[PDB]
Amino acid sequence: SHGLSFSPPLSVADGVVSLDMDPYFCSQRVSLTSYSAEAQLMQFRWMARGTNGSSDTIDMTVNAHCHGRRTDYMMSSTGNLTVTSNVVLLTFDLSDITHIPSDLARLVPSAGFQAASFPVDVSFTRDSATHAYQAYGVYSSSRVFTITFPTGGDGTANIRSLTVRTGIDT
């Protein structure tokens, strides 16, 4: 007879058998329960880059609420973005963050999450009018996602008061 062996996330050390727990995901308070890691509200500025229908950049003030392995993004723009077409792509690369939090892992999506486009709420003012769209993002790599949204009209224009609301599973 072979004895008993323990496969991850089960482990054994000095006769004690344990469940190894990601504290951002789970903990025990006797029974197996939700995360024990402290939540963070991160505040930083993110320079987004127009990558299609714009060669412009725009500063976003970002509040990243990290709770368990959910990071929720609340972004607001200062400035006008120059658009050239009826659709624009705005790229969000982790290198274009100033500040940059130490828990950078809270801004990288899981491999599971990265596999699909995800919903992004977009609003902005163009020609004094408030536009609002159900847009979509997709990660191109683990550090970079691009959102795609309508500009409100055609040709060259300036969109202002850009808000972005979305979230990722990390």
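Don't overthink the numbering: it's just position in the shown sequence, from 1.
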| query | finding |
| --- | --- |
| Mean C-alpha B-factor comparison - 59-67 and 124-132, higher one | 124-132 |
| Mean temperature factor over C-alpha atoms, higher-scoring stretch between 160-168 and 4-12 | 4-12 |
| Deposited CA B-factor, highest of 117, 52, 28, 110 | 52 |
| Given 104, 138, 37, 48, the residue at which the Cα B factor reaches its maximum | 104 |
| Entry-reported Cα temperature factor of residue 154, expressed as the chain third it lands in | highest |
| Chain third (lowest, middle, highest) by recorded CA B-factor, residue given as residue 87 | highest |
